[PDB]
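Peer 1:
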Amino acid sequence: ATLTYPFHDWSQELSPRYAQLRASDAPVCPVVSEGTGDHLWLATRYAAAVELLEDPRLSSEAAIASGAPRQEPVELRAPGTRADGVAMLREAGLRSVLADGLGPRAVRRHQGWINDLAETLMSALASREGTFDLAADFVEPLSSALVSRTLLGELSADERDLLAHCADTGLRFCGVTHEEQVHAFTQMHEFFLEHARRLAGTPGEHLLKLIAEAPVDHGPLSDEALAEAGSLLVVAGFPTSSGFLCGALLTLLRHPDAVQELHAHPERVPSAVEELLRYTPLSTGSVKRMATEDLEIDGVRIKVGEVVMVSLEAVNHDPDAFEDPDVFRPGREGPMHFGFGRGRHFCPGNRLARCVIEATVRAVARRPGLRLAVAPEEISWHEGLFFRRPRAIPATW
Ligand code: HEM
Ligand SMILES: O=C1N[C@@H](Cc2c[nH]c3ccccc23)C(=O)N2CCC[C@@H]12
Ligand SMILES: O=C1N[C@@H](Cc2c[nH]c3ccccc23)C(=O)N2CCC[C@@H]12
Numbered sequence: 008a009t010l011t012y013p014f015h016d017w018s019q020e021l022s023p024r025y026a027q028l029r030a031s032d033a034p035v036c037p038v039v040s041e042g043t044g045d046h047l048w049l050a051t052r053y054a055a056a057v058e059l060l061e062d063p064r065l066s067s068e069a070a071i072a073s074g075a076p077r078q079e080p081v082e083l084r085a086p087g088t089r090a091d092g093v094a095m096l097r098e099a100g101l102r103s104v105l106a107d108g109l110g111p112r113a114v115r116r117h118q119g120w121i122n123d124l125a126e127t128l129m130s131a132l133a134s135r136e137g138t139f140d141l142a143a144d145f146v147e148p149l150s151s152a153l154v155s156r157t158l159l160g161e162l163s164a165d166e167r168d169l170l171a172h173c174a175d176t177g178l179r180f181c182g183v184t185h186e187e188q189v190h191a192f193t194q195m196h197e198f199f200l201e202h203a204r205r206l207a208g209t210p211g212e213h214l215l216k217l218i219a220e221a222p223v224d225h226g227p228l229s230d231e232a233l234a235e236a237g238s239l240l241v242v243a244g245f246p247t248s249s250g251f252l253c254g255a256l257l258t259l260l261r262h263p264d265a266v267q268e269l270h271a272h273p274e275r276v277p278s279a280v281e282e283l284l285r286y287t288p289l290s291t292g293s294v295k296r297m298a299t300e301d302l303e304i305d306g307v308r309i310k311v312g313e314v315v316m317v318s319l320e321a322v323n324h325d326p327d328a329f330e331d332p333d334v335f336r337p338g339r340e341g342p343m344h345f346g347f348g349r350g351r352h353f354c355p356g357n358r359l360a361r362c363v364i365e366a367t368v369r370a371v372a373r374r375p376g377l378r379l380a381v382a383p384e385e386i387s388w389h390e391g392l393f394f395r396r397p398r399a400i401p402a403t404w
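Just so you know, we're using my numbering here: the sequence shown kicks off at 8 and counts up by one.
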């Protein structure tokens, strides 16, 4: 009868449904959730997303709450915990501590090691003969170091592997049983419940130590409170950063001509980062908000309690806002991309993300000739992940 969501486009080829809803006159089109039966609005167009994500009558906190109509098959929350995300740290008056942790002065703390590590990892692959896996031998150490040094603390390899596996298990639309999904969030929470304070006390300036050592006016940040901060940091930072870095690499390796230009012209690198954030698809789902009062958008009513989704992928590929939208064009001068969102809930990790993405682009650009060792079609993808990620990326020089 009507389209069901999500659209099962687990590779970098976006579903032709996004294009189809975008070409519609409507600012929103009705879809039905596969895993809940919930009816939902989907927006695909730059013009519509611009209005929908700046409207304070559309609430992110509501659409996170239990009972909200939703796209995901299970609550993204350990049963019995709060998991309303960053609002909990906001509530405890931690606005200045997230500023110190993710703001410009943290990028100055960490940007030096991040750039040297990216160069080192690419230098090591340059030593190999034949074929190597960029996902395991570049993306995984780089995103792990990002997560551990700027967010979590020193992980052991097995702890890191545990946190990755839980993220990959919980953050899915399909492919695992719902009981495993629920247990992945439980497994993360009990880990942080038992190790958050030790992780916060290890050396470094990582965000979890800043949270733990912060003085809450009239408060001690509880261990239950610390654990939820750690779950949020893994969920927000780890699968997003690894998913995107993998996709960005496939984008770069498929455009050798663009990469040569960045090699000749290093001042162009920061602009190619932004184009990567617009061109490279990440989420198989949508950002979402709940109408807390009736409203109207270009002739469509949105009643109280209805849920509006905006697919960042569809909007970043909107020909109305981006000429030749399927072309990777680092010189492009258009509107701001929707890769970190827009409005009040703009990604607060956006400056750390940009810094790792830029290190990676530079590391590719210093060593030209790096190319896919298999056709893009023979690449194998994890299916059902919220955040697209290839199984491996075979590459050679
Ligand atoms: C160190 C890495 C990262 C950290 C710590 C981080 C953290 C966060 C957090 C805590 C939020 C919640 C904001 C809110 O609900 O108000 C968020 C939102 C968001 N992040 Fe990041 N993130 C990271 C990486 C990324 C990357 C790599 C991307 C894209 C390539 C990304 C895209 C987004 C988007 C689109 C949102 C908007 C969610 C919405 O509007 O509902 N993030 N991020
Ligand atoms: O703070 C939040 N923000 C949004 C978007 C988001 C950002 N990063 C995410 C990772 C997975 C799911 C959603 C998001 C959200 O839906 N939330 C559920 C988990 C974290 C919480
Ligand atoms: O796939 C999701 N994406 C985020 C929003 C988002 C879109 N693009 C993003 C990029 C990074 C972080 C979050 C997002 C979200 O709110 N979700 C609810 C259920 C699934 C999960």
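Built from N, CA and C at the ideal position, the CB exists for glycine as well.
Rounding to the nearest angstrom, what Cα-Cα distance links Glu41 and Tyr12 in this structure?
Peer 2: Taking the straight line joining both Cα atoms gives about 6 Å.
Peer 1: Between the alpha carbons of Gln194 and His272, how many angstroms are there, rounded?
Peer 2: Roughly 47 Å separates the two Cα atoms.
Peer 1: Given a cut-off of 8 Å, decide if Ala380 and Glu126 are closer than it, judged by their beta-carbon atoms.
Peer 2: Contact flag unset, no.
Peer 1: Hey, which residues come within less than 5 Å of ligand 2, measuring from Cβ to any heavy atom, in chain order?
Peer 2: Output, sorted by chain position: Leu83, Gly92, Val93, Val242 and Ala243.
Peer 1: Can you find a heavy atom of ligand 3 that lies under 7 Å from the Cβ of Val146?
Peer 2: Because no heavy atom of ligand 3 lies under 7 Å away, the Cβ of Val146 does not count as near it: no.
Peer 1: Nearer than 7 Å: is that true of the beta carbon of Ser238 relative to any heavy atom of ligand 3?
Peer 2: No, since every heavy atom of ligand 3 falls outside the 7 Å radius drawn around the Cβ of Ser238.
Peer 1: Any heavy atom of ligand 3 within a distance shorter than 7 Å of the CB on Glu79?
Peer 2: Flag set: Cβ of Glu79 near ligand 3.
Peer 1: Measuring only from the beta carbon, is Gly292 closer than 7 Å to any heavy atom that is part of ligand 3?
Peer 2: Correct: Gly292 has its Cβ closer than 7 Å to ligand 3.
Peer 1: In the stretch 281 to 367, which residue ranges form an unbroken beta strand (DSSP E) of at least 3 residues, counting only runs that do not cross its ends?
Peer 2: Those beta strand (DSSP E) runs which fall completely within the stretch 281 to 367 and span 3+ residues are 294 to 298, 302 to 304, 307 to 309 and 314 to 317.
Peer 1: Output needed for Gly92: all residues of its chain with C-beta closer than 7 Å, excluding positions within five of it in sequence on either side, in chain order.
Peer 2: Around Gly92: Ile71 and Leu239.
Peer 1: Which of the three DSSP states is assigned to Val57 in this structure?
Peer 2: Note: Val57 maps to helix in three-state DSSP.
Peer 1: Can you give the Cα-Cα distance for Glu385 and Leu60, rounded to whole angstroms?
Peer 2: If I take the Cα positions, the gap works out to 37 Å.
Peer 1: I need the straight-line Cα distance from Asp16 to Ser150, nearest angstrom please.
Peer 2: Each residue's alpha carbon lies about 24 Å from the other.
Peer 1: Do you know whose CA, among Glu186, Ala152 and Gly237, lies nearest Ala207's CA?
Peer 2: Selected option, being the one with the closest Cα: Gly237.
Peer 1: In this structure, does DSSP put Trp120 in helix, strand or coil?
Peer 2: Helix at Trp120.
Peer 1: Between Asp107 and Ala30, what straight-line distance do the alpha-carbon atoms span, to the nearest angstrom?
Peer 2: So the two alpha carbons sit approximately 43 Å from each other.
Peer 1: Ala219 and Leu228: beta carbons closer than 8 Å?
Peer 2: Taking 8 Å as the Cβ cut-off, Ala219 and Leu228 qualify as a contacting pair.
Peer 1: When the Cα of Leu257 is compared with those of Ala243, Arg112 and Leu377, which residue comes out closest?
Peer 2: Minimum Cα distance to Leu257 is reached at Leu377.
Peer 1: By how many angstroms is the C-alpha of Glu320 removed from the C-alpha of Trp48?
Peer 2: Each residue's Cα considered, the two are about 16 Å apart.
Peer 1: On the premise that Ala255 lies in contact with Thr287, defined as a C-beta separation below 8 Å, what is that separation, rounded to the nearest angstrom?
Peer 2: Rounded, the Cβ-Cβ distance is 5 Å, consistent with contact.
Peer 1: May I ask whether a heavy atom of ligand 3 can be found less than 7 Å away from the beta carbon of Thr247?
Peer 2: Flag set: Cβ of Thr247 near ligand 3.
Peer 1: Could you round the C-beta distance between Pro383 and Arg285 to whole angstroms and report it? I think they count as a contact, below 8 Å.
Peer 2: With a Cβ gap of about 19 Å, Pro383 and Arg285 do not count as contacting.
Peer 1: State whether the stretch 183 to 200 contacts the stretch 75 to 94, with contact taken as three or more CB pairs (one from each stretch) at a distance under 8 Å.
Peer 2: Verdict: yes, contact present.
Peer 1: Count the other CB atoms within 10 Å of the CB of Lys216; is the residue buried (16 or more) or exposed (fewer)?
Peer 2: Burial call: buried.
Peer 1: By how many angstroms is the C-alpha of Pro326 removed from the C-alpha of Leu178?
Peer 2: The alpha-carbon atoms of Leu178 and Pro326 are separated by roughly 30 Å.
Peer 1: On the three-state DSSP scale, how would you describe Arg84?
Peer 2: Residue state, collapsed to three classes: coil.
Peer 1: With distances taken from CA atoms, which of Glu197, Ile400, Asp175 and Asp264 is nearest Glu231?
Peer 2: When only C-alpha atoms are compared, the closest one is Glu197.
Peer 1: Is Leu359 near ligand 3 - that is, is its Cβ less than 7 Å away from at least one heavy atom of it?
Peer 2: Answer for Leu359: no, Cβ out of range of ligand 3.
Peer 1: Over what stretch of residues does the beta strand (DSSP E) that includes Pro37 continue unbroken?
Peer 2: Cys36 to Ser40 is the extent of the beta strand (DSSP E) around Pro37.
Peer 1: By alpha-carbon positions, which one of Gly137, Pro86, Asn122 and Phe347 ends up nearest to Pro148?
Peer 2: When only C-alpha atoms are compared, the closest one is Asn122.
Peer 1: Cα separation between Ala171 and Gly306?
Peer 2: Cα to Cα, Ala171 sits roughly 44 Å from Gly306.
Peer 1: Let me make sure I understand the geometry here. Which of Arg373, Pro332 and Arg64 has the alpha-carbon closest to that of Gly341?
Peer 2: With distances taken between Cα atoms, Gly341 lies closest to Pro332.
Peer 1: Quick one: Cα of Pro222 to Cα of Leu289, how far?
Peer 2: In a straight line, the C-alpha of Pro222 is about 36 Å away from that of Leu289.
Peer 1: Going by beta-carbon coordinates alone, are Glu313 and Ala298 separated by less than 8 Å?
Peer 2: Cβ distance < 8 Å, so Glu313 and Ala298 count as in contact.
Peer 1: I want to check one thing, is the minimum distance from the CB of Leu289 to the heavy atoms of ligand 3 below 7 Å?
Peer 2: Answer for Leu289: yes, Cβ within range of ligand 3.
Peer 1: Measuring only the C-alpha atoms, how far is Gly346 from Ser293?
Peer 2: So the two alpha carbons sit approximately 12 Å from each other.
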